[PDB]
Ligand SMILES: *Cc1c(COP(=O)(O)O)cnc(C)c1O
Ligand SMILES: *Cc1c(COP(=O)(O)O)cnc(C)c1O
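Residue numbers (PDB author numbering), protein chains in the order written: chain B, 1 to 388; chain A, 1 to 388.
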């Protein structure tokens, strides 16, 4: 009657109560400004939606190879060569249910009981939980607003132990929205290569960039970095396809084949017609992406300016993704208390940094309409003035 | 360099050489009579496809609850009450990527290193591999043509040890097409109940029955069995939705919640619009099912008689699914050899029984048109004659 230890070790969500309160308030018709979303507000581009409907009509509703539709594995490989300078072939990629499964399959393929996985904080909520489902030991590397929430190569080097099996490297970042410069990624890749450790490069937000920030896949830092790294990414953020559940793992054939064995004995191939939508996302014009990015840039401008004019905060300027992760340390309140109080007092929903391993910060998403942002930021400022 | 022990323990497929070759042969102009498919030939019913297209058009493309869409979880619970006499509510349901992920999540939730899992042979190929991915130890129970390829409760009792944690029970069965009668299901249920052993009830083929055979969910055998059993099923076979990847886990709330946590940290929710199609499958008329079933019953009758009139083969009568699993023992050959030459020499595709733990048999699938069946059965007879 006892559950496996691996699942018992998974931590319960820290945002259960605040999420329920927000839900209930909305059910009552209370005017809430929400900045908790972890997905774009845009609809999936029409041509991607149409491709999927066409595949459905064409009968693309049967089983397919576990590694994914050959046409999509090819499109992905070509995209990685063209955009990221990564020399991959179709044999190097595995189609998964979102970037999440890509990461999950990598963990089960590489992490054995006892292995340590270095995870810089703040971190995407699922990272340590996934490491634990694979029976590994999460090694959290804390960062500060003073360091732009970035881990240094020396910080990584110090955390390496004979048990260290993997380094999780997410840029641009959720929840900070911070972007490691190409020189910074090259410097991090250098430490990894020297210590001979594998790197999981989570590049899901690669296209959501601002102020001419530049994205460099860590695997493109050098041929040695390429040999010990895998790309975990997908179509969710670039194309507002969060609900499609289509992503991929790209790396050395040996690893990919092992990850593919796992895919075949867990979920089998990814939804066939959903894969066709992803084919269209890469095979067609990227105009939709730039149009969406432009709206984001406009929202970012507004929220950043507002946040910068508020007392009691410290927000490092983010150049990627669609999040702001300001420090609320000056308020002397923990993230749970701060966000719960802000919601109750001013009806503004934000995510406590505690969920990402940073109790003195909060996450806001500007992936919502400008009017919600303007009104919400006004309420937030008023809240800060009332508690300092 | 070194992959986790869990994935290195997963055996390589010995079927993708045929099931995939027959395809390559078909695509090359060669007239192949394929009886190797593990999915129906029928297209997904129109109303289900339309329901999915409508969802896509309506923007059901965002993240959703890890447990699945509330409407689908409710439609599933109702279906289980109405069809299988199970009293599940929505809280007992977890929407997964096919019945395969339902089984996978269950394994990860309750199977730990050292745990033993009893698996009746011939078994669905993935069962032992999934047990091993959860680091468990499979305990395979051999059956013979004499026992109609069905295990007896005494055989199960004899195999139970203090390390036994689970019994995998699949009926109707893949690859045998055999159906355990309600009395047999009740008998097996009581051995499990007496031992306080949990039962994984793989009921995916529950609707595909013949000669008025009857399907009884193990959990409906008694309140005690209902307490320690779970249903792993889906829409794949009943509605020709194999490529949709929509299935479910149904069981006690505590277990379902644990499986849901794993779902949340592995793949997240199941493709949102694909789920809306599953809703249409259960909410609408079941005429599509009876029609396909009718076409299946006609093909079965023909293949069954053709097989029964073939000396050198012994095939118990299958009353479920769309498979036949005749013994080729008389030929004194291994299924790998037999199936290999049959394809090479007569362009007839069948799956080696060795894949399912029974090298002295072969699986035939009659999920194809009648003309292909009569032609293929004539080629099979000739082949047999040549080696007997
Ligand atoms: C959203 C996200 C992912 C992947 O999500 P999918 O919907 O599974 O593709 C991976 N990493 C980070 C940091 C994310 O925010
Ligand atoms: C087809 C099948 C399943 C379910 O597969 P999905 O497509 O993942 O739902 C489960 N068990 C058996 C024995 C099967 O043949």
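The beta-carbon is built from N, C-alpha and C at its ideal position, and this holds for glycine as well.
Between the alpha carbons of residue i and residue j, how many angstroms are there, rounded?
i: residue 154 (chain B); j: residue 330 (chain B); result: 29 Å
i: residue 347 (chain B); j: residue 31 (chain B); result: 7 Å
i: residue 222 (chain B); j: residue 59 (chain A); result: 42 Å
i: residue 183 (chain A); j: residue 175 (chain A); result: 22 Å
i: residue 349 (chain A); j: residue 18 (chain A); result: 7 Å
i: residue 54 (chain B); j: residue 72 (chain A); result: 24 Å
i: residue 196 (chain B); j: residue 164 (chain B); result: 10 Å
i: residue 238 (chain B); j: residue 44 (chain B); result: 10 Å
i: residue 78 (chain B); j: residue 88 (chain B); result: 8 Å
i: residue 228 (chain B); j: residue 193 (chain B); result: 7 Å
i: residue 272 (chain A); j: residue 162 (chain B); result: 42 Å
i: residue 307 (chain B); j: residue 354 (chain B); result: 20 Å
i: residue 244 (chain A); j: residue 253 (chain B); result: 27 Å
i: residue 241 (chain A); j: residue 97 (chain A); result: 11 Å
i: residue 378 (chain A); j: residue 259 (chain B); result: 42 Å
i: residue 167 (chain B); j: residue 212 (chain B); result: 27 Å
i: residue 327 (chain A); j: residue 117 (chain A); result: 26 Å
i: residue 110 (chain A); j: residue 108 (chain B); result: 17 Å
i: residue 178 (chain B); j: residue 151 (chain B); result: 11 Å
i: residue 286 (chain A); j: residue 335 (chain B); result: 52 Å
i: residue 362 (chain B); j: residue 16 (chain B); result: 16 Å
i: residue 13 (chain A); j: residue 64 (chain B); result: 15 Å
i: residue 257 (chain A); j: residue 199 (chain A); result: 18 Å
Here's a check: name, in chain order, each residue in its chain whose Cβ is nearer than 6 Å to the Cβ of residue i, leaving out the five neighbours to either side.
i: residue 202 (chain B); result: 170, 232
i: residue 191 (chain A); result: 153, 156, 157
i: residue 142 (chain B); result: 121
i: residue 34 (chain A); result: 22, 349
i: residue 380 (chain B); result: 348
i: residue 181 (chain B); result: none
Can you list, in chain order, the residues of its chain whose CB lies under 7 Å from that of residue i, leaving out five sequence neighbours each side?
i: residue 280 (chain B); result: 47, 48, 51
i: residue 412 (chain A); result: Past the boundaries of the shown model lies residue 412 (chain A); chain A is included only from 1 to 388, so the question cannot be answered.
i: residue 345 (chain B); result: 383
i: residue 276 (chain A); result: 51, 52, 55, 60
i: residue 9 (chain B); result: 132
i: residue 376 (chain A); result: 33, 35, 348
i: residue 4 (chain B); result: none
i: residue 318 (chain B); result: 176, 177, 178, 324
i: residue 224 (chain A); result: 193
i: residue 262 (chain A); result: 105, 108, 109
Could you name the residues that DSSP lists as bridge partners for residue i?
i: residue 200 (chain A); result: A:168, A:230
i: residue 247 (chain A); result: A:96, A:234
i: residue 324 (chain A); result: A:364
i: residue 8 (chain B); result: Residue 8 (chain B) is not bridged to any residue.
i: residue 373 (chain A); result: Per DSSP, none; premise fails for residue 373 (chain A).
i: residue 209 (chain B); result: B:320
i: residue 421 (chain A); result: Residue 421 (chain A) lies beyond the stretch modelled for chain A, which goes from 1 to 388, so this question has no answer here.
Cutting at 8 Å between CB atoms, please list the residues of its own chain near residue i, excluding the five before and the five after it.
i: residue 75 (chain A); result: 278, 279, 282, 283
i: residue 86 (chain B); result: 80, 217, 219, 220, 226, 231, 250
i: residue 208 (chain A); result: 172, 237, 238, 293, 296, 320, 321, 322
i: residue 114 (chain B); result: 135, 136, 137, 163
Inset, instruction - Report the residues of the stretch 241 to 272 of chain A with a CB closer than 9 Å to any CB of chain B, ordered along the chain. - result: The residues in question are 241, 242, 243, 244, 245, 246, 254, 255, 258, 259, 261, 262, 264, 265, 266, 267, 268, 269, 270, 271, 272.
Legend entry - Validate contact between the stretch 92 to 101 of chain A and the stretch 262 to 270 of chain A using beta carbons, cut 8 Å, 3 pairs: Flag = yes, the stretch 92 to 101 of chain A and the stretch 262 to 270 of chain A touch.
Legend entry - Sufficient close CB pairs (3 or more, under 8 Å) joining the stretch 67 to 83 of chain A to the stretch 132 to 141 of chain A: No, they do not touch.
Inset, instruction - Give, in chain order, every residue of the stretch 101 to 117 of chain B whose Cβ lies closer than 7 Å to some Cβ of chain A. - result: Answer in chain order: 101, 104, 108, 109, 110, 111, 112.
Inset, instruction - Quick one: which residues of the stretch 31 to 57 of chain A get their C-beta closer than 8 Å to a C-beta of chain B? List them in chain order. - result: The stretch 31 to 57 of chain A vs chain B, Cβ under 8 Å: 38, 39, 43, 44, 49, 52, 53, 56, 57.
Legend entry - Near-chain B residues of the stretch 131 to 148 of chain A - C-beta to any C-beta below 8 Å: Result list: 133, 134.
Inset, instruction - With 9 Å as the C-beta to C-beta threshold (strictly closer), list the residues of the stretch 61 to 90 of chain B near chain A in chain order. - result: For the stretch 61 to 90 of chain B, which is checked against every Cβ of chain A, the residues closer than 9 Å are 61, 62, 63, 64, 65.
Inset, instruction - Determine, using beta-carbon pairs with one atom in the stretch 307 to 315 of chain B and one in the stretch 284 to 296 of chain B, whether at least three such pairs fall under 8 Å. - result: Under the Cβ criterion (8 Å, minimum of three pairs), the stretch 307 to 315 of chain B does not count as touching the stretch 284 to 296 of chain B.
Inset, instruction - Check distances from the C-beta atoms of the stretch 364 to 376 of chain B to those of chain A and list, in chain order, the residues that come in under 7 Å. - result: Residues of the stretch 364 to 376 of chain B with a Cβ closer than 7 Å to any Cβ of chain A: none.
Inset, instruction - Determine which residues of the stretch 314 to 338 of chain A have a Cβ less than 8 Å from any Cβ of chain B, and write them out in chain order. - result: Here the close residues number zero.
Inset, instruction - Closer than 7 Å, Cβ to Cβ, to anything on chain B: give me those residues from the stretch 3 to 15 of chain A, in chain order. - result: 3, 4, 5, 6, 7, 10: these are the residues of the stretch 3 to 15 of chain A whose beta carbon lies less than 7 Å from some beta carbon of chain B, given in chain order.
Inset, instruction - Could you list the residues in the stretch 223 to 242 of chain A with a C-beta less than 7 Å from some C-beta on chain B, going in chain order? - result: When CB distances to chain B are screened at a threshold of 7 Å, the residues of the stretch 223 to 242 of chain A falling below it are 241, 242, in chain order.
Legend entry - Positions along the stretch 271 to 296 of chain A whose CB lies within less than 8 Å of some CB in chain B: Those would be 271, 272, 273, 274, in chain order.
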